[PDB]
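Breakdown of the fold
What follows is the residue order along each chain.
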Amino acid sequence: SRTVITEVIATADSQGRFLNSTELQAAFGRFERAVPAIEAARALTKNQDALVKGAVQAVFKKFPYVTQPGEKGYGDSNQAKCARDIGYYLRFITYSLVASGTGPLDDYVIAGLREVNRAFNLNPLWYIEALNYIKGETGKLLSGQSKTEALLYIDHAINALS
Amino acid sequence: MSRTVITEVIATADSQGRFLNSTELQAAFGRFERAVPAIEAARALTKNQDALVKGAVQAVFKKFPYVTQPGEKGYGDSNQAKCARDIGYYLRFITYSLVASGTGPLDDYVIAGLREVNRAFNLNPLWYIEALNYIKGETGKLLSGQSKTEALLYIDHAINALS
Amino acid sequence: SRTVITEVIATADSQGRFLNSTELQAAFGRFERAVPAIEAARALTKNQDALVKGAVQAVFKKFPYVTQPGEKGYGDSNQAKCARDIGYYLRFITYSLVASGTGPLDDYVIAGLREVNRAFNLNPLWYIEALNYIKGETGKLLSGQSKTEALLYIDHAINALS
Amino acid sequence: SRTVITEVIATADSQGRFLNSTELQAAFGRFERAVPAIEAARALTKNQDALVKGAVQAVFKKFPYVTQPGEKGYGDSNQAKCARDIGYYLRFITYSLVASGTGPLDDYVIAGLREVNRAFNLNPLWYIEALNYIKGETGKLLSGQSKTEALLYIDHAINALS
Amino acid sequence: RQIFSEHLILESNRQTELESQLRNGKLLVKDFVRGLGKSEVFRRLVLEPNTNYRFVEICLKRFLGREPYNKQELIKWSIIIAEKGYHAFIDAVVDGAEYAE
Amino acid sequence: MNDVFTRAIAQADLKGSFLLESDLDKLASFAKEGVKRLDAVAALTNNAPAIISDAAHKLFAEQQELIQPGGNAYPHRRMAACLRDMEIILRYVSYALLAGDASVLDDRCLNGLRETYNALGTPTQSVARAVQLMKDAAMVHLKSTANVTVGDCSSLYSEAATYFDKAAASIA
Amino acid sequence: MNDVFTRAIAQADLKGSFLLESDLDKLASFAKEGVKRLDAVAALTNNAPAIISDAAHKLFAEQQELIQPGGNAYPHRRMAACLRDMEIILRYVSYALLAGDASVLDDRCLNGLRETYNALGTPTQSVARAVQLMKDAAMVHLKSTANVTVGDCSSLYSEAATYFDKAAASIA
Amino acid sequence: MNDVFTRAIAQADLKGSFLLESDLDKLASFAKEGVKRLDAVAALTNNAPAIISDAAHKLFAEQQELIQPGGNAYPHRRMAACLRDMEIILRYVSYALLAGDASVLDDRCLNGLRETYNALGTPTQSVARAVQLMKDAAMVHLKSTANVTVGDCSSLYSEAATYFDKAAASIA
Amino acid sequence: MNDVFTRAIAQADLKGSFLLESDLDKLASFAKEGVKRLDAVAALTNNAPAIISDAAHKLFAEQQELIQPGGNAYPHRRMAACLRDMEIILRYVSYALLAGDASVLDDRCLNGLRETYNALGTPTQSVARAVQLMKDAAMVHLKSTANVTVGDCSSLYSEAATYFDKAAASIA
Amino acid sequence: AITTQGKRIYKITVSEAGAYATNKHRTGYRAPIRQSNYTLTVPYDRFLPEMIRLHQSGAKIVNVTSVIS
Ligand SMILES: CCC1=C(C)/C(=C/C2=NC(=C\c3[nH]c(/C=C4\NC(=O)[C@H](C)[C@H]4CC)c(C)c3CCC(=O)O)/C(CCC(=O)O)=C2C)NC1=O
Ligand SMILES: CCC1=C(C)/C(=C/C2=NC(=C\c3[nH]c(/C=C4\NC(=O)[C@H](C)[C@H]4CC)c(C)c3CCC(=O)O)/C(CCC(=O)O)=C2C)NC1=O
Ligand SMILES: CCC1=C(C)/C(=C/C2=NC(=C\c3[nH]c(/C=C4\NC(=O)[C@H](C)[C@H]4CC)c(C)c3CCC(=O)O)/C(CCC(=O)O)=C2C)NC1=O
Ligand SMILES: CCC1=C(C)/C(=C/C2=NC(=C\c3[nH]c(/C=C4\NC(=O)[C@H](C)[C@H]4CC)c(C)c3CCC(=O)O)/C(CCC(=O)O)=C2C)NC1=O
Ligand SMILES: CCC1=C(C)/C(=C/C2=NC(=C\c3[nH]c(/C=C4\NC(=O)[C@H](C)[C@H]4CC)c(C)c3CCC(=O)O)/C(CCC(=O)O)=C2C)NC1=O
Ligand SMILES: CCC1=C(C)/C(=C/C2=NC(=C\c3[nH]c(/C=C4\NC(=O)[C@H](C)[C@H]4CC)c(C)c3CCC(=O)O)/C(CCC(=O)O)=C2C)NC1=O
Ligand SMILES: CCC1=C(C)/C(=C/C2=NC(=C\c3[nH]c(/C=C4\NC(=O)[C@H](C)[C@H]4CC)c(C)c3CCC(=O)O)/C(CCC(=O)O)=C2C)NC1=O
Ligand SMILES: CCC1=C(C)/C(=C/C2=NC(=C\c3[nH]c(/C=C4\NC(=O)[C@H](C)[C@H]4CC)c(C)c3CCC(=O)O)/C(CCC(=O)O)=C2C)NC1=O
Ligand SMILES: CCC1=C(C)/C(=C/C2=NC(=C\c3[nH]c(/C=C4\NC(=O)[C@H](C)[C@H]4CC)c(C)c3CCC(=O)O)/C(CCC(=O)O)=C2C)NC1=O
Ligand SMILES: CCC1=C(C)/C(=C/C2=NC(=C\c3[nH]c(/C=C4\NC(=O)[C@H](C)[C@H]4CC)c(C)c3CCC(=O)O)/C(CCC(=O)O)=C2C)NC1=O
Ligand SMILES: CCC1=C(C)/C(=C/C2=NC(=C\c3[nH]c(/C=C4\NC(=O)[C@H](C)[C@H]4CC)c(C)c3CCC(=O)O)/C(CCC(=O)O)=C2C)NC1=O
Ligand SMILES: CCC1=C(C)/C(=C/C2=NC(=C\c3[nH]c(/C=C4\NC(=O)[C@H](C)[C@H]4CC)c(C)c3CCC(=O)O)/C(CCC(=O)O)=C2C)NC1=O
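Residues numbered from 1 in each chain as written, not as in the entry; some residues may be left out. Chains lettered and ligands numbered in written order. Part of a larger assembly, values for the part shown. Heavy atoms only, no water.

Its PDB header attributes the entry to cryo-EM and lists the resolution as 2.74 Å.

Below you can see the structure in the form of structure tokens.
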């Protein structure tokens, strides 16, 4: 889990000297700022289910053949576990918002993304659309610093997807 | 070629062959917020440079009387001048480090090669440690709040490297 | 540790070969300096008690300010530490003369010297001029091969200190 | 090449240090051993013709069949090359004596010996027989210590061949 | 062939101690490469003919597999040789971040 | 190598659910006193040579068997290792203090230190007593309220004491 | 890796004091015989391939099942391995004999050779037999007074015997 | 890397002939004066810090513009680099004095050093001046009659002067 | 890492004799049926990705605890690792198929995979079950005779079953 | 390495258990994957840097033995 403070500890441990001023004051930036990030994490916690469904039908919408029978969209339990997976992604977004870093995202979901996508013919474009939808909601749900907190991790997630 | 916040960010992004992620620009924002107290401290410390250097020289002589008698390093007008010049160097690079918000100026211009030069010229690190302790005392008064902490971090870093 | 024949065996072992004319010639030149270095070590061991006291006194002579209170030189336990340091240096010089190589003085004194003198805040010039006094007195104690071996080893220690 | 002085300097230069007392002791051993070695070199230089001719004849005696037609020893050219090669070995033995190191042999003769002998189908045993003859006559030509030096170098050549 | 350039592969140049250690399994490939660099044949056949800068160029081509970026890299690397021995140079090269990566 | 926030997220993943708002409150309070712990860590790093020097002085004063010939730190290069090891240990403790979790301490070199000191013959009780000595010295150094604004820091002191004692118990 | 003189010096360091006069005379008496030990080690080196050849011939005359297919030294590579082991044993024994200290031989050659032969399936008793054959050949080549001055070297031959015996016993 | 003996050997081998008695007599005289050569080499080695310190003090008295801001020896890294360069050149001069041939000095130190200094912007005349200052401060020490047997070391003094002049002429 | 011919030669050398005509007859019987083996291995290679996708789908189906958090198979990178393990064990079975010997299977990874899975904590019976079910999935494809000339395939099926079950029994 | 300290090699038993596996999964594999447990022999001079590398790399060592002395 490569979080910024842990990354500080690592990039000092590889060397033989203590934490110099830059490390401490970057930790200071994080320690000042954590409140909006955790605020956005709790906000996305409060709106989890609506984001889940809305992204599900948004991806259903722009790509019609998913709604068509004979694809991954076809299947009631299939769609249920689809919603479960998008809930996983939103949970990881909240995790990263809490961590004040991209560590939790890269630890579980991005690591080996393309291999599992190819193995299970799940191209990243559907999840890209889902995350664009969720970004559209976070645009209105959160304002100020927390808006940026949500948007930066959403963008990192979509960049990893693409 | 110094090791600063922005440049350490750029270097750790380049080494991984990736763009600047959120956390990199994030620490950069921290630095750009940091800079205002740093520049205030550097201004308040460059304005009082001559009194600071003079007091540091006199304090070093007070704390190390033996250097003043004939046959020692401190005997002579020229050694007086070079004491003042060395402490002026240290102060100037502390202000540089404050402005740059990092220890790059000190670690590159003063710290690297410090022990070899001291050994070759038989310069005692304790002289400069006492001078920097005096400068620390005076910047305790000259600076208020954030600026004092920012200046003290770099003066402490210089003192630690001297030791 | 390290001696002349130790270096001979090290070189031969590295090249994975038997000892050759170069190496056996070096061993012969080492065994020819055997007994003069032996007598040098004998002479230094005989007189050590006066040398240690003379060395600490010459140290205080060279740095009068140290003896005054509030410094390292003030304190009876500090005096014992000075005597023990001088004894250590002389003992390892005798060991090196016996071994016909600067190995024991390298691994028992020089290795880790700078960082110890820095961490315990021991000024090296004290030992430099103490060894200078010991050099001056070895100038009169001995003559011949033994004296020049003692001179070389003391000078090596001095150059190590600076 | 590789002498005592050259190994001393190269060992110092590979650790990036000044020549210390052990290195100077090895050099002193070399400078004391130089007199017997130069004496041995002069002795083998004065009698080079007798040594070379006798070595060639001993080679032919040990292996008569080689001088038969169709073999390596038949013809004026092949025996002239025999004398030339034994002259080379003697020259490099004397070079190693003067240099007080097996460097001239290890560089000029031994480096690439197997490849060249196998390429031109030169039996090492011919050269070992010739060197054994040289070894024998060195005992007559040299007495005491110079004999020991010359024998060291001839033995080094022999072991290199076998 | 990678270190000694295939023309120094001679029975006189053959490090047998390193080979036996490698065959045991007690020696890493990095340590075998380093031991070949820190060998009498590598000093006598490669280091001695060349200046520090050309030796650095050879070692960058052979240990790192890439030619030097420019002459300033030769200059910055040659100081390790000049001041601490080519043994310290080889250790810096093989224990560096680029070789490990 | 996991931060306290990272550790909490790890247990959240273990439960597979979100982070409950109570844990969010705890983490927000942690980030609120992060300024205080950063000041503590800065006081640890800036005074590191002084802490190590005091600890070494009184450790060697209390235990004479190490300096003497045949001691574990006699040959004057074994004290190099002693001072270097003490500095490394205090670096690790400062890392733990900044992270607020011992997981970064356990992951890097707590497991191997015990067995390395077993193999070398270094006695572990001496190392543990040295850890307590640096703990006392660091406590005194961090208590210094001068040059910094006054505040409540007993939680930080308890955290640092627990970290030092945990490291000593790990090695001993 | 030490010589006997380093052994004495290290013992003196462990007991804190200088070398006694008894130790100093012992070391000087050893050293004055060093120009007499050089001939012994030179005799071992200059005759090394002959020693190895004769020892191998006798060893493979004694036991045929090794050369026989399925035997330890049957394949051509394994014969080369046998030869190289005899070579290295002899070389490091000569190293130790020069040093006057047997610790070099144990530290660099004989440290894990027994375990290597245990892992490789080689019978250790056969290696001990080979080392004792090299013992006999080395004594034969050492006693030769040709090209060297006459003298009484009972200490040298007995020391070489002890070194070879320790190596052989260590392998098995 | 060549010394006087290997230089003679290489030239003789190029001529394809044994060494003449004149060459062997020259090398015998060299070996006979080798003890004085060792004395000079040890004087240079043992006094390296003194030589470098005196040369540096004199050089930076003569050429102040080096140690001014914007000079080539201004910061600590550049001053340390200066002193390091002087130590390295003194090291190679002592090597060439022991060997008796300037082949090691020219091949391993001076072969491409002017190009390096030009690429670094370094005044080569200043480096040459520092080398001459080390010459002076060294011949002060080589001529120190105290602690050694008196004798005629004029040849060694000339040889050392030639090596230092060769260094200065090569750099500048 | 041995072939059926390699094993035959190994036994022949062990007994020290030439290869017997019965052994040659069985090797010829194996070789004349080589295209059998090659078609099976090549079809397995070509259809491996579909086999692995089917295997992953089912092992998710019957075994449920893995897919939810806390199981030895929740995370996505852990999914890449599991897919890699099933792919590589299928590939090793393909190797054993083409070679005709299980030494290419037993020696390479099965030795270390035991302690690897013991240290990881993932159950081994689940691994063996997945091996058997992926064997069934691959066997289904191996039946497919379309686009290829028709013939008998029973012996290859028996050998593949033996190798799959051997890998499972080793892991279990 | 000639001195007494260059002697006394040490064997280290290393396992690359999941602490190593996570960091390598994030960074990626450049080489084929080997078995977790292995015995690595390191001299005293390289002993400290080797263990620093092992700990920073995320591996957990099983047992350290003093092969010499
Ligand atoms: C938290 C770690 C984790 C991740 C990242 C993850 C991704 C993931 N999604 C999967 C299946 C899936 N993924 C999707 C979602 C896509 N498919 C359709 O095309 C939709 C349009 C589109 C949604 C936008 C669906 C519908 C499935 C079900 C396929 C099936 O098993 O039948 C699978 C196959 C195994 C399974 O979950 O049953 C994985 C591994 N799984 C994890 O345990
Ligand atoms: C065998 C290798 C070895 C050496 C070389 C050695 C020197 C040595 N002397 C020491 C103590 C000391 N030694 C001195 C003596 C110095 N200060 C002044 O008094 C004098 C001018 C000068 C003596 C010439 C002092 C004052 C201390 C106490 C440290 C301090 O006050 O900061 C210490 C610190 C640890 C201790 O002994 O308590 C070392 C390492 N010790 C060794 O085990
Ligand atoms: C550095 C020193 C050095 C040596 C020693 C040396 C030996 C040497 N001898 C050669 C030819 C030869 N040398 C011999 C020697 C034989 N003549 C008699 O029969 C004897 C039995 C026996 C000598 C004891 C023979 C027969 C040849 C001709 C082989 C051929 O042309 O294939 C060759 C082939 C190159 C040529 O001359 O065309 C070499 C390299 N070369 C060197 O540069
Ligand atoms: C980058 C490193 C760093 C610096 C330079 C720093 C100075 C610093 N101290 C502060 C308050 C504080 N400073 C402390 C420090 C403690 N008070 C006790 O005297 C202890 C001796 C001491 C350390 C244990 C405390 C407890 C506060 C108030 C905390 C709060 O109210 O949130 C603040 C915030 C108030 C403001 O905006 O003016 C800063 C910036 N803090 C840092 O983290
Ligand atoms: C990543 C960080 C890390 C550390 C620090 C570590 C401990 C460690 N201590 C060592 C030696 C040592 N360490 C000590 C220090 C202890 N002995 C007592 O006397 C002192 C009170 C005490 C100080 C804490 C000493 C004296 C030695 C020398 C032992 C020897 O020479 O074998 C070594 C051998 C390497 C070397 O000395 O060059 C290691 C690896 N292991 C690691 O992986
Ligand atoms: C540090 C110095 C050093 C030593 C001492 C050394 C001995 C040595 N011999 C070996 C192989 C071997 N050595 C033998 C020797 C046996 N054959 C029998 O005829 C004899 C009784 C006996 C010889 C005395 C054999 C048979 C093997 C191969 C074993 C196998 O392949 O299974 C190996 C395994 C690694 C390899 O050869 O690649 C070592 C390490 N290697 C070294 O680097
Ligand atoms: C360059 C390499 C080198 C060697 C080889 C060497 C040996 C050497 N052996 C010597 C005498 C001797 N050599 C021996 C050894 C032999 N005596 C018996 O025949 C034994 C079979 C055998 C011992 C195993 C003895 C016993 C002496 C007489 C001891 C004495 O000088 O008092 C001498 C002094 C007299 C002389 O030969 O000029 C030397 C220099 N010195 C060297 O610098
Ligand atoms: C990058 C910043 C920088 C620093 C810090 C620096 C220190 C410095 N001071 C020097 C001179 C000196 N500096 C001093 C300082 C002493 N004078 C006494 O009044 C005091 C007790 C004491 C000062 C507190 C002395 C005595 C010398 C002369 C030493 C000598 O040449 O022997 C020199 C040698 C140059 C010369 O000979 O003039 C350096 C390199 N140089 C730099 O480029
Ligand atoms: C063994 C052969 C050899 C030598 C000697 C050698 C010297 C050498 N000097 C250098 C820089 C330097 N050299 C000097 C010294 C000069 N400038 C000062 O003004 C003085 C007047 C004068 C010395 C008397 C300085 C100041 C630098 C620093 C240049 C820089 O850092 O930009 C550098 C490169 C910078 C580095 O990596 O630190 C080398 C390699 N290189 C070699 O391959
Ligand atoms: C262990 C390293 C080592 C050292 C330290 C050493 C010095 C040394 N110098 C010696 C003689 C000498 N040394 C010198 C050199 C001096 N002449 C002038 O005074 C100069 C100041 C100075 C040299 C520049 C001279 C001229 C002799 C006498 C030469 C002779 O008698 O042949 C001797 C032999 C004693 C004698 O001839 O009676 C030794 C051992 N030799 C070594 O192997
Ligand atoms: C030498 C050839 C080779 C083998 C033998 C091998 C097996 C293997 N599986 C491993 C972990 C693993 N093994 C599995 C598979 C298990 N978990 C569940 O899915 C199943 C019940 C079961 C598979 C059917 C998983 C999921 C991991 C990942 C554990 C983790 O990342 O923490 C590891 C630890 C290091 C790593 O994954 O890179 C190895 C070496 N890998 C290889 O490159
Ligand atoms: C590019 C690599 C390559 C392939 C793929 C290959 C397949 C292959 N197999 C052949 C013979 C054959 N191959 C088979 C095997 C098939 N029978 C069925 O059971 C299975 C689908 C399968 C075995 C699992 C059979 C039965 C024959 C006829 C010859 C015989 O066995 O008597 C032939 C000759 C076609 C002919 O008879 O005219 C080809 C091209 N050969 C190659 O060099």
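**Some remarks on the arrangement of the chains**
In this assembly, 25 pairs of chains are in contact, and the pair contributing the most contacts is chains D and H. Considering only C-alpha positions, the minimal separation of the non-contacting chain F and chain H is 23 Å. Kept free of each other, chain H and chain I leave a smallest C-alpha distance of 47 Å between them. (Contact = heavy atoms within 4.5 Å.)

**Describing the interface of chain C and chain D**
If you look at the interface, chain C gives 19 residues, while chain D gives 23 residues. Here chain C meets chain D over a buried area of about 1800 Å², counting both sides, of which 51% is carbon and sulfur. Taken together, the connections running from chain C to chain D amount to 1 salt bridge. Among the ionic pairs, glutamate 7 of chain D bridges to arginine 17 of chain C, the shortest N-O distance being 3.9 Å. The tally of links between chain C and chain D comes to 4 residue pairs in polar contact. (Buried area = accessible area lost by both parts, 1.4 Å probe. Salt bridge = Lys/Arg side-chain N within 4 Å of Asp/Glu carboxyl O. Polar contact = N/O pair within 3.5 Å; in protein donor to acceptor, adjacent residues only side chain to side chain.)

**Topic: the sheet that holds strand 3 (residues 60-66) of chain J**
The 3 strands lie next to each other as 2-1-3 (chain J), forming an open sheet whose pairing is antiparallel. Only two strands of the sheet have a single neighbouring strand rather than two, namely strand 2 (38-42) and strand 3 of chain J. On average, each strand axis in the sheet is inclined to that of its neighbour by 25 degrees, with strand direction left out of account. Two elements, strand 1 (residues 10-15) of chain J and strand 2 of chain J, share 5 bridges in a ladder whose sense is antiparallel. Bridging across to strand 2 of chain J, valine 14 of chain J finds its partner in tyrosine 38 of chain J. Packing of helix 6 (residues 103-120) of chain F onto the sheet brings it into contact with strand 1 and strand 3 of chain J, and relative to strand 3 of chain J it is tilted by some 15 degrees. (Pairing = 2+ DSSP bridges. Helix = DSSP H or I, 4+ residues; strand = E, 2+ residues; numbered from the N terminus. Axes fitted to C-alpha atoms, helices over the stretch in contact; angles between N-to-C directions.)

**Quick word on the site of ligand 10**
Near ligand 10 you find 20 residues, and of these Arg33 of chain C, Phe28 of chain D together with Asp39, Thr149 and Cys153 of chain H are the closest. More than one chain approaches ligand 10, the contributing ones being chains C, D and H. Measuring from an oxygen atom of ligand 10, one finds a side-chain N or O atom of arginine 33 of chain C at 2.3 Å. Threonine 149 of chain H is positioned with one of its backbone polar atoms (N or O) 3.1 Å from an oxygen atom of ligand 10. Protein chains bury 78% of the 900 Å² of accessible surface belonging to ligand 10 in isolation. If you list the elements that add at least two residues to the shell around ligand 10, you get helix 9 (145-161) of chain C, helix 2 (21-46) of chain D together with helix 2 (21-46) of chain H. When the residues that make up the shell around ligand 10 are grouped by side-chain class, the tally is 9 nonpolar, 7 polar and 4 charged. (Near = heavy atom within 4 Å. Areas by Shrake-Rupley, 256 points an atom, 1.4 Å probe, with all protein chains shown as cover. Nonpolar A, V, L, I, M, F, W, Y, C, P; charged D, E, K, R; others polar.)

**Examining the relation of the copies chain C and chain D**
Rotating chain C by 179 degrees and translating it 0.3 Å along the rotation axis places it on chain D, where the RMSD comes to 0.6 Å. Here the copies are linked by what is in effect a two-fold axis. The rotation axis passes nearest to the C-alpha of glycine 29 of chain C in chain C, at a distance of 1.9 Å. Comparing interface residues between copies, 95% of those in chain C also sit at the interface in chain D, which points to an isologous, same-surface contact. (Least-squares fit on C-alpha atoms.)

**Some points on the packing of aromatic side chains**
Taken as a whole and assessed by the stated rule, the structure comprises 43 aromatic pairs over all chains. Aromatic side chains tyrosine 88 of chain C and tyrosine 74 of chain F sit 5.2 Å apart centroid to centroid with 75 degrees between the ring planes, which places their arrangement in the edge-to-face category. Here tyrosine 88 of chain C is found in helix 5 (residues 76-99), whereas its partner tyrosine 74 of chain F is found in the loop between helix 4 (48-62) and helix 5 (78-99) on a different chain. We note that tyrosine 88 of chain C, like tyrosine 74 of chain F, is buried. Ring geometry for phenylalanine 92 of chain D versus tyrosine 95 of chain D: centroids 5.6 Å apart, planes at 75 degrees, classification edge-to-face. Taken together, the positions of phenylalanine 92 of chain D and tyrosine 95 of chain D, both in helix 4 (residues 76-99) and 3 residues apart, correspond to about one turn of that helix. Note on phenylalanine 92 of chain D: relative accessible area 5%, which makes it buried. Owing to a relative accessible area of 1%, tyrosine 95 of chain D belongs among the buried residues under this scheme. Among the aromatic residues, ring-to-ring pairing joins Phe4, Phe42, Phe55, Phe63, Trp77, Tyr86 and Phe89 of chain E into one connected group. (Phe/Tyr/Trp six-rings, centres within 6.5 Å; stacked < 30°, edge-to-face > 60°. Buried < 20%, exposed > 50% of the residue type's maximum accessible area, 1.4 Å probe, protein only.)

**Here we look at the environment of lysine 61 of chain E**
Residues and elements named next belong to chain E. In this fold, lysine 61 is placed in helix 4 (residues 52-64). According to the relative accessible area criterion, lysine 61 is partly exposed, its value standing at 40%. For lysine 61 and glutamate 98, which are 37 residues apart along the polypeptide, the C-alpha to C-alpha distance reads 13 Å. With near-sequence residues (within four places) excluded, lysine 61 lies in contact with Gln2, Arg66 and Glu67.

**With respect to the packing of helix 5 of chain C against helix 8 (residues 124-141) of chain C**
All names here are of chain C. Helix 8 packs onto helix 5 with a crossing angle of 60 degrees between their chain directions and a minimal axis gap of 11 Å. With respect to helix 8, the element helix 5 is oriented oblique. As for how helix 5 packs across helix 8, the hand of that crossing is right-handed. On helix 8, the residues touching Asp85, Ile86 and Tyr89 of helix 5 are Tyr127, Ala130, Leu131 and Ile134. Taken together, the residues that form the contact of helix 5 with helix 8 break down as 6 nonpolar, no polar and 1 charged. (Parallel < 35°, antiparallel > 145°, perpendicular 65-115°, else oblique. Left-handed = near helix turned anticlockwise from the far one by under 90°.)

**Observations concerning the interface of chain D and chain H**
Taken together, the contact between chain D and chain H spans 34 residues of the former and 37 residues of the latter. Buried area between chain D and chain H, summed over both chains or domains, comes out near 3000 Å², and the portion from carbon and sulfur atoms is 72%. Considering only the side of chain D, the residues that lose the most area to chain H are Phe18, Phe31 and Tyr95 of chain D, jointly responsible for 24% of the buried surface there. Our count for the contact surface shared by chain D and chain H stands at 3 salt bridges.

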